[PDB]
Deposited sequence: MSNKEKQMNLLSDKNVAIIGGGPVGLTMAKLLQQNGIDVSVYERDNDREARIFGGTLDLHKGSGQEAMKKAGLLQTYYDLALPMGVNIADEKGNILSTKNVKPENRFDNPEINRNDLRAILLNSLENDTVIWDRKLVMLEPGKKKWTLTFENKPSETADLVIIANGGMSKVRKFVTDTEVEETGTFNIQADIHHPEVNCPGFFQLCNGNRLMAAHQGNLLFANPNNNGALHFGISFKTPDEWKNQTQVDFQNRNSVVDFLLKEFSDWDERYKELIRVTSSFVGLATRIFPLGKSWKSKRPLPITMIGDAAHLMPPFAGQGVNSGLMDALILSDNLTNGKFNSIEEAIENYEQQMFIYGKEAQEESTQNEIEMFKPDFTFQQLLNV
């Protein structure tokens, strides 16, 4: 019959994009396994919420039959812009006509939606892919301290830091020159009451002198905030130890010195911080043209970009929707031609998304930016 009849697909990485790719193939009768580094699905995913947009992220969920399950676990949320003094400068609340536009979902809820939709044993846990080798017809996959597997098609979906890209591209991940510190506060109504009342059930964003603060007061009962700034030149080839909360507190309280005490309370009561340099996997010249066997990349492994334009997962789920339709629609003469068609479209929307990310990033970290239009 079709391109993948009597063939199996290996997806590397069980993030939202890989699991979506698995669902869209599996529901067309395709033999697909997902190899995920993580030991069990009972592991907290650290991060904020994700919003699926109409026409991209939501299309993927709709084609999968999971769009209602997403709406049931997602939460529409307004945005408040505030100054460093705790003045609300602007309050965009959720008009009921727009409540389906991009409601926020917890990363563990999205993962659980996608896992429950797959056949038992679709995802193989504790499988860290370390290397690929193409045979005559099949790839051999090598995992850390676990037996090898084979596949006719490999889809790299294992995130922005993937080390298994080289059969697709020699493109290297780059630092953009911004740095992000993320943290969670449990029971924020009790533990950061001032900042919680400032948020007032809305997301909050504030900018003063090249420091940006973002918060969501309701990621499944926890408040999630991030502080972003131009990487201090001091930290060329980090003078802050992120395992030492006292060191991060001391750095942040100096940087936030002229901010209202409701923001400094955030910094003071945070049990642990996570620091990460902003990185991009730049889409430039095309990828390797003549690969030994069929292989491609979707999600952050394809187009990792700064998280400043609300884009990221949406272009990933668009990757999964286009590749899965190309592999299953009957229109292509080979797996290679289905892949080429996916990559050619992804290079267009992906270059646009990356350009918008990089532009927002340049603008937002002028030493004199405020969210004010």
item: Parts of the chain sequence, as deposited, that carry no C-alpha coordinates in this structure; value: 1-7, 245, 382-385
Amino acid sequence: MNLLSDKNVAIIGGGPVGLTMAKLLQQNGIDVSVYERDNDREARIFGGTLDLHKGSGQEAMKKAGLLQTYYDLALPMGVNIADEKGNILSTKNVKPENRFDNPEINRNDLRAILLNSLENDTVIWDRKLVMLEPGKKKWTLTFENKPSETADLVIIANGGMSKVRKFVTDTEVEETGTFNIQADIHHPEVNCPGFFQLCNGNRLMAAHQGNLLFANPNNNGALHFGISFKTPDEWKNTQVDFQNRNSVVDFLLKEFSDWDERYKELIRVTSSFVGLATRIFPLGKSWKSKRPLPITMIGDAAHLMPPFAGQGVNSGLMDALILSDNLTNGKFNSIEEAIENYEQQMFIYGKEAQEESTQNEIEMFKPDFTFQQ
From here on, numbers count along this sequence of modelled residues.
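If you superpose the two forms and keep the largest set of C-alpha atoms that fall within 1.5 Å, you have the rigid core.
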query: Which of 334-342 and 303-311 lies farther from this form in 4 other deposited structures of this protein, as RMS of C-alpha positions after a rigid core fit; finding: 303-311
query: No coordinates for residue 237 in a third or more of the other PDB entries; finding: yes
query: Mean Cα B-factor comparison, 353-361 or 10-18, giving the higher one as deposited; finding: 353-361
query: 32-40 or 303-311, whichever carries the higher mean Cα B-factor; finding: 303-311
query: Of the residues 161, 88, 129, 156, the one carrying the largest Cα B-factor as recorded; finding: 88
query: Residue of maximum C-alpha B factor among 146, 224, 99, 288, per deposited coordinates; finding: 99
query: Relative C-alpha B-factor of residue 46, binned into the chain's lowest, middle or highest third; finding: highest
query: Chain thirds of CA B-factor: placement of residue 74; finding: middle
query: Residue 334, C-alpha B-factor rank within chain (lowest, middle or highest third); finding: middle
query: Lowest, middle or highest third - CA B-factor, residue 211; finding: middle
query: B-factor third for the C-alpha atom of residue 204 within its chain; finding: middle
